[PDB]
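> After the structure tokens below, expect a handful of questions from me.
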Amino acid sequence: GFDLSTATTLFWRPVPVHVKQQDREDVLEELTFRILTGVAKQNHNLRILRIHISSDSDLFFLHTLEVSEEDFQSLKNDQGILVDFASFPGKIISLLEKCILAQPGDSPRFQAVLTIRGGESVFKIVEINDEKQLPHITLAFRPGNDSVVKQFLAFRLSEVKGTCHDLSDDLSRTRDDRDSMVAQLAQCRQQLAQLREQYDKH
Amino acid sequence: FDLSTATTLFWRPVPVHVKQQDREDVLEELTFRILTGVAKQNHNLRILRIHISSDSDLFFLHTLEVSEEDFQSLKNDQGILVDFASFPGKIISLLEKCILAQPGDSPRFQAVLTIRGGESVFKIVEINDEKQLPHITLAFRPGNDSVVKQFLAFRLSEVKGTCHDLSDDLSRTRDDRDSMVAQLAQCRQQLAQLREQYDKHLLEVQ
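If you read the sequences in order, they're chains B and A.
Numbers 15 to 216, taken from the deposited numbering, label the letters of the first sequence in order.
Numbers 16 to 221, taken from the deposited numbering, label the letters of the second sequence in order.
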């Protein structure tokens with residue numbers, strides 16, 4: 015399937031989403047959106063796009079979408095999506111960018127909506143002009159399950175563990191440099207105090 | 016089991032001899048973490064939990080969990096002289112022995128994890144030439160999808176946190192480094208200016 019190793023992040027930012035769940039109350043949450051593009055393990059010629067909706071506050075919350083260069087004609091059909099596969103992530107980004115920048119008094123107002131109906135969920139980005147609500151994109155996401163959330167958290171962990179390692183390396187290098195500057199400052203202060211004595215010389 | 020009020024008593028990699036049914040024997044370095052706390056349901060019930068994981072296989076997990084109550088069965092089915100409070104200490108010293116063991120040693124302390132599928136047995140053995148004498152033998156359950164999920168979410172928030180702290184120190188360190196360079200440059204300026212004031216004043220007084 016999809017190899018999160020050879021993957022490329024195109025977008026990875028929190029977006030203000032209106033989450034609507036089945037027997038729970040409507041809530042405005044800030045959810046993380048990551049748009050990934052790569053290939054299939056089985057066939058290195060099959061391009062795939064992956065989208066993840068997660069929360070930094072709920073580490074178990076996850077919603078996923080996955081479409082190959084092939085199956086894109088199915089998704090494109092029924093939706094009316096004018097754009098091709100290569101163009102698709104760009105259409106998604108600009109729309110999520112509009113939602114990010116939306117301000118209270120706005121009209122037309124761009125709003126992201128995630129409707130959770132048990133084992134399936136629908137993500138839409140809508141343009142709200144007073145009464146009328148016009149959708150720019152409507153997508154089909156699958157929530158959970160235990161096996162998928164498990165793999166995601168293992169990916170996230172190795173990822174954070176890695177950026178942690180890099181931070182540690184810079185801190186070492188920075189601390190080493192700071193220590194060298196103090197030695198140089200002390201030597202300069204010594205030269206300065208010695209020159210002052212050499213000034214007397216009376 | 017309260018993971019909020021929990022306490023880590025041990026947390027280190029130990030060299031373990033992993034034996035699996037249908038696979039070849041392997042010497043791996045596995046992470047051991049010993050925690051003690053209480054039950055969510057009853058704040059009066061003391062519990063001990065031990066996790067065996069790998070930094071190389073993020074899905075590998077084997078767990079052991081015993082409450083102050085359940086200890087007596089574990090104690091009888093073993094001959095363990097020590098009480099519940101004393102038990103983690105017995106485990107630690109044995110894990111230290113395995114950690115410090117060197118190749119040519121005899122008596123040599125060795126950690127062994129046997130996987131039969133659905134169940135796994137962890138033992139710490141003393142090897143004096145031929146004879147192998149076990150000091151501890153424990154029953155571990157390999158983690159399922161739901162248990163591995165919770166573990167990785169715990170690990171992630173934990174690393175995400177120590178990552179934040181590292182970032183803060185790097186900011187503070189970088190700020191200090193930048194200030195030292197400014198101080199060094201100012202000192203070098205003062206030094207060059209004094210030199211001109213000296214040179215001139217000595218030429219002038221002639």
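All C-beta atoms, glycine included, are put in the ideal place defined by N, C-alpha and C.
By alpha-carbon positions, which one of A:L45, A:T152, A:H66 ends up nearest to A:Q93?
Locating residue 93 of chain A in the second sequence gives position 78, counting from the first residue. Of the candidates A:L45, A:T152, A:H66, the one whose C-alpha sits nearest the C-alpha of A:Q93 is A:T152.
> Taking the continuous alpha helix (DSSP H) assigned at B:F102, which residues delimit it?
Here residue 102 of chain B refers to the residue found at position 88 of the first sequence. Its alpha helix (DSSP H) spans residues 102–115.
> Where does B:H77 sit, in a helix, a strand or coil, going by DSSP?
Numbered from 1 along the first sequence, position 63 holds the residue referred to as residue 77 of chain B. Reduced to three states, the DSSP call for B:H77 is strand.
> For the segment 64–98 of chain B, which residues have a CB atom closer than 9 Å to at least one CB atom of chain A, in sequence order?
For the segment 64–98 of chain B, which is checked against every Cβ of chain A, the residues closer than 9 Å are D70, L73, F74.
> Exposed or buried, which one is B:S68 when buried takes at least 16 other CB atoms within 10 Å?
By 1-based counting over the first sequence, the position of residue 68 of chain B is 54. It counts as buried.
> Report buried or exposed for A:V97, applying the criterion of at least 16 other Cβ atoms within 10 angstroms of its Cβ.
Position 82 of the second sequence holds residue 97 of chain A. Exposed, since its Cβ has fewer than 16 Cβ neighbours within 10 Å.
> Please list the partners that B:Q35 has in chain A, where partner means a Cβ-to-Cβ separation under 9 Å.
Here residue 35 of chain B refers to the residue found at position 21 when the first sequence is read from its first residue. Within 9 Å Cβ-Cβ: nothing; B:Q35 doesn't reach chain A, min ~20 Å.
> Tell me where the alpha helix (DSSP H) around B:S121 begins and ends.
Reading the first sequence from its first residue, position 107 is the one you call residue 121 of chain B. It is not in any alpha helix (DSSP H) - B:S121 carries neither H nor E in the DSSP assignment.
> Considering only DSSP beta bridges, list what B:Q35 is partnered with.
Residue numbering aside, residue 35 of chain B sits at position 21 when the first sequence is read from its first letter. DSSP, once it has assigned bridges, lists B:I130 as partnering B:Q35.
> If we cut at 9 Å on Cβ distances, does B:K164 have a partner in chain A?
Reading the first sequence from its first residue, position 150 is the one you call residue 164 of chain B. Yes, because at least one Cβ of chain A sits closer than 9 Å to the Cβ of B:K164.
> Kindly list the residues whose CB is nearer than 6 Å to the CB of B:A116, restricted to its own chain and excluding five residues on each side of it in sequence; keep chain order.
As a position in the first sequence, residue 116 of chain B is number 102, starting the count at 1. So the qualifying residues of the chain are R123, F124.
> Which residues does DSSP list as the beta-bridge partners of A:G52?
Reading the second sequence from its first residue, position 37 is the one you call residue 52 of chain A. Answer is A:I62.
> As a quick exercise: from A:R131, A:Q147, A:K146, pick the residue whose alpha carbon is nearest that of A:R156.
Taking the first residue of the second sequence as 1, we reach residue 156 of chain A at position 141. Measuring from the Cα of A:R156, the nearest candidate turns out to be A:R131.
> Please list the partners that B:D160 has in chain A, where partner means a Cβ-to-Cβ separation under 8 Å.
One-based indexing of the first sequence puts residue 160 of chain B at position 146. Under the 8 Å cutoff, chain A gives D160, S161, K164.
> According to DSSP, is A:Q147 part of a helix, a strand, or is it coil?
Counting from 1 along the second sequence, the entry for residue 147 of chain A is found at position 132. Strand.
> Here's the rule I'm using: 16 or more other beta-carbon atoms within 10 Å means buried, otherwise exposed. How should B:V29 be labelled?
Residue numbering aside, residue 29 of chain B sits at position 15 when the first sequence is read from its first letter. Burial call: buried.
> I need the DSSP call for A:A21, collapsed to helix, strand or coil.
Within the second sequence, residue 21 of chain A is the residue found at index 6, counting from 1. Three-state DSSP puts A:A21 in coil, outside helix and strand.
> Pick out whichever of B:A21, B:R192, B:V162, B:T129 has its Cα sitting closest to the Cα of B:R48.
What you label residue 48 of chain B is simply residue 34 of the first sequence in a count that begins at 1. Considering only alpha carbons, the answer is B:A21.
> Taking only the alpha-carbon atoms, compute the straight-line gap between B:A207 and B:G176 and give it to the nearest angstrom.
The residue given as residue 207 of chain B occupies position 193 in the first sequence. The residue given as residue 176 of chain B occupies position 162 in the first sequence. Cα to Cα, B:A207 sits roughly 47 Å from B:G176.
> On a CA-only basis, which of B:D120, B:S121, B:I139 is nearest B:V127? Give me that one, please.
Locating residue 127 of chain B in the first sequence gives position 113, where the first residue counts as 1. Closest by alpha carbon: B:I139.
> If A:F25 sits next to A:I95, beta carbons under 8 Å apart, how far is it from one beta carbon to the other, in whole angstroms?
Working through the second sequence from its first residue, we reach residue 25 of chain A at position 10. Working through the second sequence from its first residue, we reach residue 95 of chain A at position 80. Actually they are not in contact, since the Cβ atoms of A:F25 and A:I95 sit about 18 Å apart, beyond 8 Å.
> Kindly list, in the order they appear in chain A, the residues whose Cβ is closer than 9 Å to that of B:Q208.
By 1-based counting over the first sequence, the position of residue 208 of chain B is 194. Neighbours of B:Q208 on chain A: none; closest Cβ ~10 Å, over 9 Å.
> Does B:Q147 have its Cβ less than 9 Å from a Cβ in chain A?
Mapped onto the first sequence, residue 147 of chain B falls at position 133. No, B:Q147 does not count as interfacial toward chain A.
> Return the first residue and the last residue of the alpha helix (DSSP H) that A:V97 is part of.
In the second sequence, the residue the question calls residue 97 of chain A occupies position 82. Looking at the DSSP string, A:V97 is not in any alpha helix (DSSP H), and its letter there is neither H nor E.
> Use the C-beta contact count for B:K164: other C-beta atoms within 10 angstroms, 16 or more gives buried, fewer gives exposed.
To locate residue 164 of chain B, count along the first sequence from 1; it is residue 150. Flag for B:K164 reads buried.
> Taking the alpha-carbon of A:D120 as reference, which of A:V136, A:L50, A:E141, A:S101 has the nearest alpha-carbon?
Reading the second sequence from its first residue, position 105 is the one you call residue 120 of chain A. Of the candidates A:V136, A:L50, A:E141, A:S101, the one whose C-alpha sits nearest the C-alpha of A:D120 is A:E141.
> For residue 241 of chain A, I'd like the list of residues in its chain whose CB is within less than 7 Å of its CB, leaving aside the five on either flank, ordered along the chain.
A query on residue 241 of chain A cannot be resolved here, the shown segment of chain A reaching from 16 to 221 and no further.
> From this set, A:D85, A:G158, A:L45, which residue's C-alpha is nearest A:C113's C-alpha?
Within the second sequence, residue 113 of chain A is the residue found at index 98, counting from 1. Among A:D85, A:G158, A:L45, the Cα nearest to that of A:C113 belongs to A:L45.
> Any idea what DSSP makes of A:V174, helix, strand or coil?
For the purposes of this step, residue 174 of chain A is taken as residue 159 along the second sequence, with counting starting at 1. Three-state DSSP puts A:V174 in a helix.
> For B:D184, return the contacting residues in chain A, with the cut-off set at a CB-CB distance below 7 Å.
By one-based count along the first sequence, residue 184 of chain B stands at place 170. Correct list: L185.
> In the DSSP assignment, find the unbroken alpha helix (DSSP H) run with A:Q221 in it and report its ends.
Within the second sequence, residue 221 of chain A is the residue found at index 206, counting from 1. Run containing A:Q221: none; DSSP gives neither H nor E here.
> Can you list the residues of chain A that B:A168 reaches, using a CB-CB cut of under 7 Å?
Locating residue 168 of chain B in the first sequence gives position 154, where the first residue counts as 1. Correct list: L73, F74, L167.
> Please name the residue in B:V136, B:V81, B:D70 whose C-alpha comes closest to that of B:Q35.
By one-based count along the first sequence, residue 35 of chain B stands at place 21. Checked all of B:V136, B:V81, B:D70; the closest Cα to B:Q35 is B:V136.
> Spell out a yes or no on whether the segment 158–174 of chain A and the segment 80–89 of chain A are touching, meaning 3 or more CB-CB pairs, one atom from each, closer than 8 Å.
They do not touch, by the three-pair rule.
> Determine the DSSP secondary structure at B:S186, reduced to helix, strand or coil.
Numbered from its first residue, the first sequence carries residue 186 of chain B at position 172. B:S186: helix per DSSP, three-state reduction.
> Nearest-angstrom Cα distance between A:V31 and A:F75?
Looking up residue 31 of chain A in the second sequence gives position 16. Looking up residue 75 of chain A in the second sequence gives position 60. Near 14 Å, if we compare the C-alpha coordinates of A:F75 and A:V31.
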